[PDB]
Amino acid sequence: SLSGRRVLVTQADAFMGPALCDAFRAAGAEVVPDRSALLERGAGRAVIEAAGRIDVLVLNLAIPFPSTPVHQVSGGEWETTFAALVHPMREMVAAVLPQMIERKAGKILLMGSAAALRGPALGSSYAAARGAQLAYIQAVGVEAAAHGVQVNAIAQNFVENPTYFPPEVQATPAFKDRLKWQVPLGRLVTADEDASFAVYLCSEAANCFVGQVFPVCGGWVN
């Protein structure tokens, strides 16, 4: 039971935010659903500082999937991708660790992307940002293990959510075929399956997981 624990969930209305908030409420936690814009220097530090005590930080972060060929990407599209997905992650982790290290206890979970694990044919700058996320979480988890703090990542794809798999995507035949030929599960991971796994990864039972990346994508990548 995550009873009387404070769980902050970023971009709570987007990506996995809704399901995460529901799931952490049902487990009995005090959920702080942050909707702040995170693009500006210092914004992520501000979210953490405004919250006071954090027991669990769930980095739910997302942008629309860019469609740009790799040679026509601007330096600005690139730096926007990293300003949305990468720089806030670092600000928030660095702001929240000190209190978890002091308490010798705490949970950080990244809701990252399997596009860092299996290259896409059009999301080159998206894939780069998501890879920065995964490698950072790995390194921070190894660091923080020494202090009793667990930092881990989900690497997901083909999960039902409004940002990357809304119904309009699901109706396209390209998606139909991507499921047939690439997803052994043969269906989308439901938002609630994903969020229950997140809850497990933020429980004491999961104190043995430090710096680990868990793929959640119906067998699309293993």
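The numbering used is simple: start at 1 and walk along the sequence shown.
- Of the two segments, 70-78 and 105-113, the one listed with the higher mean B-factor is 70-78 (C-alpha atoms only).
- For the pair 152-160 and 174-182, the mean Cα B-factor is higher in 174-182.
- Annotation for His147: C-alpha temperature factor in the highest third relative to the rest of the modelled chain, per the entry.
- Compared with the other modelled residues of the chain, the Cα B-factor recorded for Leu59 ranks in the lowest third.
- Among all modelled residues in its chain, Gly141 ranks in the lowest third by Cα B-factor.
- In the deposited entry, the Cα temperature factor of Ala26 sits in the middle third of values across the chain's modelled residues.
- For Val216, the recorded CA B-factor ranks within the lowest third of the chain. Only modelled residues enter the ranking.
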